[PDB]
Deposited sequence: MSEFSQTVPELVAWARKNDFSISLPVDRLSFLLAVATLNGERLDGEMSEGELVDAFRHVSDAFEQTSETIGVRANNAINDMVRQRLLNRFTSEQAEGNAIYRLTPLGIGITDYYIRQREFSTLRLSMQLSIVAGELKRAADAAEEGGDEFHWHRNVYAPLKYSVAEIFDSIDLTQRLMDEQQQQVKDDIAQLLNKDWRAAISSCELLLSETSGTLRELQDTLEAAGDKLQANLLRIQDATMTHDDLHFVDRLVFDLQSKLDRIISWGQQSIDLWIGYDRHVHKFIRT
């Protein structure tokens, strides 16, 4: 409540912003097409300039002013933190996240989820075994704290991520059905989406119980171990949030389904 104003202060003080008109985005998009398809060397300035030429030509822009304009774009991109200049160029994580969103083929399948669900199961059951038969701070730090902090936490974020890829799909089907209403195909799109949302939560819920117990086991196994307890607390509440959104999305799809 008083944290989120300090955020604004900070943001305001730092003057953080992104400006990507359609031609700037595309330029950034095309650059990512080389930073993903580039043999092994990193991207030179002449390479960035060449990509600018293409989008420049594509947008009908005056060829005479490229060099000037391309240098301006590249400088904007550095300054807006989407690109790094080394003394050659590399997209920053900001650049990478934004571009990935567009040029990536992030397809959602229940498989992705099941895959991610098992690996964490394994790292979790292991950490739990580790913590049941204790040791020095070195055995705690390495076989129970770290596993939890660096690999459990990270694949809960990956599943969070997979869920959102499913949110993206829902919306697109909505948009797709909204096109077909502007019939029988709409019953198909409605159908198979429910199936997926239903397959999702079954395999989520199924593993969910198992993951939960092993968190519970680890909690049960001391002072000077609170920072392990904290970690476990919000891994739980991260997991529960996922599952809850899991159920949540199925219920409101029924809202959307019978609505047509």
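- Comparing the deposited sequence with the modelled residues, the stretches lacking C-alpha coordinates are 1 to 4, 92 to 99, 195 to 200, 240 to 242, 282 to 287.
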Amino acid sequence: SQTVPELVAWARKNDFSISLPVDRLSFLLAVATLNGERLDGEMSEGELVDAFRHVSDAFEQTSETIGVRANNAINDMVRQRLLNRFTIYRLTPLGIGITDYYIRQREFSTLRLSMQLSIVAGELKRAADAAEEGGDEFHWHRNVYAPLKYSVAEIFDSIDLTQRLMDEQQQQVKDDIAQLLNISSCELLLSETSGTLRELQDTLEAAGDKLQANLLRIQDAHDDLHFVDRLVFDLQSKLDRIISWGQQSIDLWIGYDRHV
From here on, numbers count along this sequence of modelled residues.
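- For the pair 140 to 148 and 102 to 110, the mean B factor over Cα atoms is greater in 102 to 110.
- Just going by the entry, 222 to 230 versus 43 to 51 on mean CA temperature factor gives the higher value to 222 to 230.
- The PDB entry gives the largest Cα B-factor of the residues 121, 177, 74, 165 to 177.
- Among the modelled residues of its chain, residue 13 has a C-alpha B-factor that falls in the highest third, as given in the PDB entry.
- Ranked by Cα temperature factor within the chain, residue 84 sits in the lowest third according to the deposited record.
- The deposited CA B-factor of residue 78 belongs to the middle third of values across its chain.
- Ranked within its chain, residue 201 lands in the middle third, by CA B factor from the PDB record.
- Ranked within its chain, residue 183 lands in the highest third, by CA B factor from the PDB record.
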